[PDB]
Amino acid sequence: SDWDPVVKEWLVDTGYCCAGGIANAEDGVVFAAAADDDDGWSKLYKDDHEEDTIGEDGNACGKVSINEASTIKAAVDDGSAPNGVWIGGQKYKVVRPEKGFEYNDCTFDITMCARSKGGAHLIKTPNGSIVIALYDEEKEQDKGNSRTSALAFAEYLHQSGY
């Protein structure tokens, strides 16, 4: 089960994502990671970290301990994260969930998350893997090509029984 090279060849080598990974849908915990600089784990995971909570006016109104896996599972399961989706220490917003999206004869729950000048696709397979695919608009990447890349990989995971 040496997953990191598989993530790399599917999501990073193809050039549409700057980093990627897979998490267990049961708990949101990333178990595989890869990146364009071979430090995928730093891009996909950070141990629980304190962050600002934000009021409706966008201002900081307190603090909260973030467990990244919890935020990933929330985004996927609920289409909602109370304090943002945090991946590798970076905050994203849930911008567009789609349940049961049809791709290549299979359905996937997808959640698009955005940050400034980049984003992340979270794609759940029938067997409870979550593909995580990150793109960086500063690296000439875009949400469309990265989504297709993420779907192709999710479907490979599906066809492989994950």
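The numbering used is simple: start at 1 and walk along the sequence shown.
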Mean temperature factor over C-alpha atoms, higher-scoring stretch between 96 to 104 and 118 to 126 = 96 to 104
Name the higher of the two by mean Cα B-factor in the PDB entry, 32 to 40 versus 127 to 135.
-> 32 to 40
Would you please rank residue 90 by its C-alpha temperature factor against the other modelled residues of its chain and give the third it falls in: lowest, middle or highest?
-> middle
For residue 50, the third of its chain by CA B-factor is the middle
Third of the chain's Cα B-factor distribution that residue 72 belongs to, per the entry | lowest
Could you say whether, by C-alpha temperature factor, residue 148 belongs to the lowest, middle or highest third of its chain?
-> lowest
The third of the chain into which the C-alpha temperature factor of residue 156 falls is the lowest
